[PDB]
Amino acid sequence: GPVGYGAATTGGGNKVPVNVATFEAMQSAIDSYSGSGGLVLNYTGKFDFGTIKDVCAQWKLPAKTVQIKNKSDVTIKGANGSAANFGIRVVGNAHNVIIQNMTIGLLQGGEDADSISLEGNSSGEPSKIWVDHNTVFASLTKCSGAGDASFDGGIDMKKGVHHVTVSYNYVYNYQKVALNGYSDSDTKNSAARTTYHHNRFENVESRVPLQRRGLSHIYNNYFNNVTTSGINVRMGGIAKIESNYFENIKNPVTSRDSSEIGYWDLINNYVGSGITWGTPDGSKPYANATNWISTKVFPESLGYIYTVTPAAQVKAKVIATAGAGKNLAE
């Protein structure tokens, strides 16, 4: 099962899976569901990404997104070899959700092209969410006319989604990997408690993650070819950054672009070759972990048991286990 802040997550448990071949069938099954007690959706669709001939056609088309809204006790799992050209939102008073083994790529909608998005609102905030062994990709291409938004977020949460494990995911060819707190005014995000572990982040730009407020544990992740910034801790947030493998990454551990800085507790990180650093434009305060020195001690017990892969073994371990179609290997 899940390790970390989302450890209690069971999703739809042992309920007999409902096979769903399209995002419409998936949505219909969610809509018919009573909202609690358990629902397991086995997604069997096999989207052919070769059908997308132009990676800049996507942003101007409307988003295709499945919604779990105010419903609990749900597993969404991709069958092996399954592929989705739609995204998933979990919104409001929605709890105990597993999203697993999904391959999600090249989504329509641009700024609206959410891959996996977890969202608090006036009705409540999601909790006990396990985002595990998914493969999420797009393009680094900046399309003509698109603004900064040819695609959008990879694995995102905001407005005080709490108690979440984001584990063994593979996110590549992706500009904005992981949002955690949508703006400096997202005060509900002080509640966020997120464990990011054993994720593969390769050929990506930034937000790996972007953390605003709350507490995080970012351990045993492999970072390679991250071109703008990596872990960006902001607005008083504190990240415990433990036994990750970093290589070919600019600004691996930083705080920038918020009105107030965030902090890190660094230990046992493998720092490989190709680390670069840069200074942000603007007058907002910033910090670069140039010497890998902690700026705050993690202020409380993590309240869970976890086992650490030796940092030097992380690259190989994560390459071996991260993403969809891996039999959920750990």
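Residue numbers run from 1 along the displayed sequence.
- In this entry, 226-234 shows the higher mean Cα temperature factor of the pair 226-234 and 159-167.
- Comparing 198-206 with 251-259, the stretch with the higher mean C-alpha B-factor in the PDB entry is 251-259.
- Residues shown: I267, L41, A57, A63. Highest C-alpha temperature factor in the entry: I267.
- Sort the chain's modelled residues by C-alpha temperature factor and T103 lands in the lowest third, per the entry.
- Per-chain ranking of the deposited C-alpha B factor places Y182 in the highest third.
- Compared with the other modelled residues of the chain, the Cα B-factor recorded for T321 ranks in the lowest third.
- In the PDB entry, a CA B factor belonging to the highest third of its chain's modelled residues is recorded for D148.
- For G11, the recorded CA B-factor ranks within the lowest third of the chain. Only modelled residues enter the ranking.
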